[PDB]
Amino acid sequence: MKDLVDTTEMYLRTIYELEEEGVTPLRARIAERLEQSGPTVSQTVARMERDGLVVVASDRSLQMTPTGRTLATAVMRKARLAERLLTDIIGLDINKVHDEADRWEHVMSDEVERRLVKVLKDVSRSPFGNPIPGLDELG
């Protein structure tokens, strides 16, 4: 099992987050926050294209296809719902919540999410301040 658990999903999560912070999505920036080499990033992104999940634009910025964006959104949703579960119910020290959720986000089923929406007091945003996306699509 790779440290990122699901490589492709982590590249999409990265692109998503860069967008959230008004940062242009560049392969160069993915390598930086995921601590992966350039060729490695270049190869993965290349595969994501043939898979139809992202497009390397003329300016070389990364443009997620609608299907790429749907998957990325669901990964963010699972992560933030996990972060909420880990904080609100399990009581995991906040300093460990991000890394834990970073792994769980890749194995959480839509079904468990639905349950978390019903059990959690509120799913407006994650414990770190960001809005929990895709709630309406969840289903």
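Note that residue numbering follows the sequence shown and begins at 1.
Two stretches are in play, 63-71 and 43-51, and the higher mean C-alpha B-factor belongs to 43-51.
Set 5-13 against 120-128 and average the Cα temperature factors; 120-128 ends up higher.
Considering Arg77, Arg33, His98, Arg84 together, the PDB entry gives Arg33 the largest C-alpha B factor. Looking at the C-alpha B-factors along this chain, the one for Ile90 belongs to the middle third.
Among all modelled residues in its chain, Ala57 ranks in the highest third by Cα B-factor. Compared with the other modelled residues of the chain, the Cα B-factor recorded for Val112 ranks in the middle third.
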